[PDB]
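The same protein chain appears twice below, in two forms, each given on its own as structure tokens and labelled structure 1 and structure 2.
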Structure 1
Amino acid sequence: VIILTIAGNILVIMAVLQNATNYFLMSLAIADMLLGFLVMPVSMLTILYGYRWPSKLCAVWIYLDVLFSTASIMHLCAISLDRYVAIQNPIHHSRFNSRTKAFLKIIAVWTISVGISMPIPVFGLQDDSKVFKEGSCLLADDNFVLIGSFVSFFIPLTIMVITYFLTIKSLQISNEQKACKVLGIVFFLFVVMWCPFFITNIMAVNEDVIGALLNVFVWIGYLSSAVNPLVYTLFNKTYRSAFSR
């Protein structure tokens, strides 16, 4: 999954197709390539050593994990919200797009990503038990998980549910039907690969059963960083040719 993530994103970074909307997909592919080289391979060492953490970098590793995970989720939310306005009223969307929105959009999805994960090393790096190890380097803040995973997933999820319901409502002519199938695959994969981890994360707060469930579901969430390059790009004839060359 690590090799797949890195090899999938470094093939999308070169291919950039210099559109104002395609550059935003490079900012999404940069939030996942970093996730695939800094955060993800560290967890492979933890899997090898059986949850024992080789010590002051544990709070740093969680900071990057929350940062790149929230940066990815709101990249897809911004894409989904932008894709709805481009489909509802395309005339008024083209007038107000001067290649400054795309730079203003990268600012917004990285200000909230870095603003939500800022409590981790500013209050939690001094305390070695709040955002810190139970012997295993977990995120033991029981009140930040409830509200920090609420605005990071469930608010981007209720935004995506209304955006997806409204977009399909406004898309209903084969090209419109081909697009409706692309939205379904994109929406279904984001839910099925991130939602399983977040219900288990918050329902938890038998330990052995839940400890095994959260272990596998974490890697299902990581695996979505290998797929995001493909489902958001490879539907384009140009990208398929670019990957082959």
Structure 2
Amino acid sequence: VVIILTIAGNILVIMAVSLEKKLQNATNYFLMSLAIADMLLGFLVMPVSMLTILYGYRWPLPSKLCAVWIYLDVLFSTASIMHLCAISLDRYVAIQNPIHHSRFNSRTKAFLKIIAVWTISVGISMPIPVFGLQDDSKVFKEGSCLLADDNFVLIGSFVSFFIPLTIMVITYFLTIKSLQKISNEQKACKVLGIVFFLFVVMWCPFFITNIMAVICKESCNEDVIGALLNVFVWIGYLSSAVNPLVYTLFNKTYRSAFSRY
């Protein structure tokens, strides 16, 4: 059911930009690209995880395909985090300095920000396909599909998520501070706050459990950590479905487009 919503919401978002040409602004191209990453993640990755859940957490799929699956789950997931990080940076720049942002608000730089995000997503996720496909034990370890290089993993989870997280946590808070510096401004503070709170609460638990697992493997119980990771990956996947409904709620035209289709 999470997979259905995750696919469907992004599918509606991507068409609504095309079917309704009013949302041809530069921002909604970023928003449709984030929807693309989320829908791709829902289509390619998540039913496989549901299948492993049914089959007992053993990888029925061909052996080397396990290597690319994890790679997809890094690239599509890292892209969404980088999309939201760039959204936070650009929206903070818009709030703090609205006039000067309009001078450089041309779409030509907006496309460079897209190429930057989708380039950094590949740059972060380079090792997993080539290394995992070469050595099964690196990414197929324990008989269940899992990425198992501690040295690479603990830094990779950090740069991919925490570095955007501090950029989000230092920009979002500052965006509220700019609004504070009446009713028009303060209404944005709460709506920004809920969006920040959900994605932090839904993304962060997986990563802290992963880093806690790698560091504390000597001093922790494996089974509880495994169950927690099994559920927290689902919650992180729900993070993908979350954003289209947020789009539906605050914007008039997306709501009309989804009501029609």
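The term rigid core refers to the most C-alpha atoms you can superpose between the two forms while keeping them within 1.5 Å. Just so we're on the same page, residue numbers count up from 1 along structure 1's sequence.
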**OP:** Go through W110, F153, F132, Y84 and flag the only one whose CA is off by 2 Å or more between the two structures, rigid core held fixed.
**Re:** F132
**OP:** Could you tell me whether the Cα atom of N9 shifts by at least 2 Å between the two structures after core superposition?
**Re:** no
**OP:** Tell me, please, whether between the two structures the C-alpha of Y232 is shifted by 2 Å or more, with the rigid core used for superposition.
**Re:** yes
Subject >> Cα shift between the two structures at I185, which is computed once both forms share a superposed rigid core (Å) >> reply: 1.2
Original post:
So, with the core fitted, how far does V122 move at its Cα between the two structures, in angstrom?
Top reply: 2.0
